[PDB]
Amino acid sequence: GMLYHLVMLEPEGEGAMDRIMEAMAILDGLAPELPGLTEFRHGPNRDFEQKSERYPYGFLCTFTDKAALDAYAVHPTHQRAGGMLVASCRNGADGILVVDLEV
């Protein structure tokens, strides 16, 4: 079963978006190197209906399967990028919403 991994971010502090944007470039580089991560996309939340105002930025990974998601989890590039995101968000990991939709 195919997994859409959605990560919504709550930036907090001076240089939070800058660091997040470096983390996005780090993850753009990683995606092509992981065969089970078929698509990686990121951007501002335009929130046209004003129903997610807490999360001004997010990203999406599409994985072939759970093995692919786990390969991504553990890769040193992603652990570094993940650390940077946690350092850039409100109350750390608590300012990061992660959904894993099986589609």
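One rule holds for the numbers: they count along the sequence shown, beginning at 1.
Among the modelled residues of its chain, residue 62 has a C-alpha B-factor that falls in the lowest third, as given in the PDB entry. Per the deposited record, the Cα B-factor of residue 85 falls in the middle third when ranked against the other modelled residues of its chain. Sorting the modelled residues of the chain by their CA temperature factor places residue 52 in the highest third. Residue 29: CA B factor lies in the lowest third for its chain, per the PDB record. Residue-level temperature factors show residue 43 in the lowest third of its chain, judged at the C-alpha atom.
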